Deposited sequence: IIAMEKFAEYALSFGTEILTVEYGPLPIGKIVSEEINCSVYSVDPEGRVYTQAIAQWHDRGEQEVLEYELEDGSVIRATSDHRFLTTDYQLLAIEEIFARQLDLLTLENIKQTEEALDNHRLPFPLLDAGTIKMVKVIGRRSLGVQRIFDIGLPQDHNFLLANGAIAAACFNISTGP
């Protein structure tokens, strides 16, 4: 029984897919407290949008750059959780260690069923390297605790 999650964080350059501005580095969003909407998935698999509720500058620390099978990367703390194809939110290091698949997403269109729209891909983490100390951040959302990155990966949001 998990007491709580680690206070994971994303590196400055990690781009979040915003509705109003498209891909934007989380560092910019937080540093400038940019009000915009992100895409998230609910417990029943519906993809929908929600406005950011909290902007947290987490300071700095050692971060790793994980490389995905399609060449994209995730720059974050090793314990940052992401959605897998089994629909579990697990640390990126676990996904790497166990070679699990990240569940990624490659008129009115929203909200829509995750499995019946958008190009769904099953992407493994093929490696990682250290980027040294970088500025880190996270954002809090008013509803579900996850949001889509520009590379399609679904990241866990702040639980505070």
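No alpha-carbon coordinates exist for the deposited sequence positions 1 to 2, 109 to 118, 173 to 177, given here in order along the chain.
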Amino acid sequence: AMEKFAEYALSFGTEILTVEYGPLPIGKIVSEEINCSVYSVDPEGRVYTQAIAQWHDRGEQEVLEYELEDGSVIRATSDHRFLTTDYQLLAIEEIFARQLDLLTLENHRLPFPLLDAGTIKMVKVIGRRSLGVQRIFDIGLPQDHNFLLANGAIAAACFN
From here on, numbers count along this sequence of modelled residues.
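Of the two segments, 150 to 158 and 4 to 12, the one listed with the higher mean B-factor is 4 to 12 (C-alpha atoms only). With 72 to 80 and 85 to 93 compared on mean CA B-factor from the PDB entry, the stretch scoring higher is 85 to 93. When the C-alpha B-factors of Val30, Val38, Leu105, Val47 are ranked from the entry, the top spot goes to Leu105. The PDB entry assigns its highest CA temperature factor, among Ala51, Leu110, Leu64, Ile26, to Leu110.
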